[PDB]
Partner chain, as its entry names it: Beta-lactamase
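Read the single chain below, which is given as structure tokens and is the form solved without its partner chain.
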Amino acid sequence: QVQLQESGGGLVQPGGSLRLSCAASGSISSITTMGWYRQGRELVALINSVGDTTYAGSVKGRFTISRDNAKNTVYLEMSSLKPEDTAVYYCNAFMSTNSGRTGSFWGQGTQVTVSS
């Protein structure tokens, strides 16, 4: 019972910056983490329900992950972009219940291209 709406992204020059957004709706209370992954589908940045943040070594100091809890939206503030940052970036929300049931939800994938 989580829906994710991705937005943002596009084309930037090397050293450029972009914001990705991933809006969540539905069973928010059960989400333990949300994050962006690129593609192996590898972790870029994650934020958990208490706001702890985790960054891939390749992106730390350049990318910031944040949330606006007033809108259940998580943001990936990409900066100092490199051509190797070029990829489809997917938003994930991972859900865990009291029951022990779990769920994993993925957005449709947002293209980021860093070039010329």
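Take the two forms, superpose them, and find the largest set of C-alpha atoms that agree within 1.5 Å; that set is the rigid core. Numbering follows the first chain given and starts at 1.
Keep in mind the form solved in complex with its partner chain is missing from the figure; the text below concerns it.
Taking the partner from elsewhere, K71 is found to have every heavy atom lying beyond 4.5 Å of its partner chain in the deposited complex. Among residues of the shown chain, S21 is not one whose heavy atoms approach its partner chain to within 4.5 Å in the deposited complex.
Its partner chain in the deposited complex comes within 4.5 Å of no heavy atom belonging to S58. Although the partner is absent here, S25 sits far enough away that none of its heavy atoms falls within 4.5 Å of its partner chain in the deposited complex. For the three residues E77, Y89 and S116, a heavy atom within 4.5 Å of its partner chain turns up in the deposited complex in no case. Shown here without its partner chain, the chain has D52, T54 in 52-84 lying with a heavy atom within 4.5 Å of that partner in the deposited complex. Of the residues checked (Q13, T97, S104, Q108), the rigid-core alignment between the shown form and the other one shows a Cα shift of at least 2 Å for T97 alone. For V88, a C-alpha deviation below 2 angstroms is recorded between the shown form and the other one after rigid-core alignment. Put the two forms on the same core and the Cα of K71 is off by 2 Å or more between the shown form and the other one. In the core-superposed comparison between the shown form and the other one, the C-alpha atom of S30 has shifted by at least 2 angstroms. Closer approach of the C-alpha atoms of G100 and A23, by 3 angstroms or more, is seen in the deposited complex than in the present form.
In the deposited complex, the CA atoms of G103 and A70 draw together by 3 angstroms or more relative to this form.
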